[PDB]
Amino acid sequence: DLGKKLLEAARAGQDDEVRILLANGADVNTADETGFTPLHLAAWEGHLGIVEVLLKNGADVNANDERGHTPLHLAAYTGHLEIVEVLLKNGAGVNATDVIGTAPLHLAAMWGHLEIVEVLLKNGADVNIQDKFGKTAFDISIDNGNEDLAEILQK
């Protein structure tokens, strides 16, 4: 119902409709079939203003989808630096791990998002974290052919 409209409005970037739906009772943390909340989708699509609106309306900054991804996971994956910064300023768990043991630092390094890597480390990213395959952000950097980025992620 309203929750379904809120998810799509956040995905499509309709920030006026997001506010309208929230003003009319829409659950800010509505989750779709796969566990994505409006904050997940806005982070994935790169809608900074909607991220800020949802957070001002009680959104769960650390909501987990069915795979354990938080909004910070999706922002780091898609390379949205401004959203990464805002999420961290709003208490995002910098070292959250998904069901495979992957943290946001793994995903930023997977695609060579250097600025995002620095921000995560600046906010306490732990480089020793290993996913279930034993791969640290350092190792992931090597496997994905991101060598110069592996100097900052040693150990």
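Residue numbers run from 1 along the displayed sequence.
Query raised in the report: Out of 99-107 and 121-129, which stretch has the higher average CA B-factor listed in the record?
Result: According to the entry, 121-129 carries the higher average C-alpha B-factor.
Query raised in the report: With respect to the recorded C-alpha B factors, which stretch has the higher mean value, 12-20 or 134-142?
Result: Stretch with the higher mean C-alpha B-factor: 134-142.
Query raised in the report: According to the deposited entry, which of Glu33, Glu52, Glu45, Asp60 has the largest Cα B-factor?
Result: Each of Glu33, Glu52, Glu45, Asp60 was compared by C-alpha B-factor; the highest is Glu33.
Requested in this report: Return the residue from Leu114, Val28, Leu41, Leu88 that has the highest Cα B-factor in the entry.
Outcome: Top of the list by C-alpha B-factor: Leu114.
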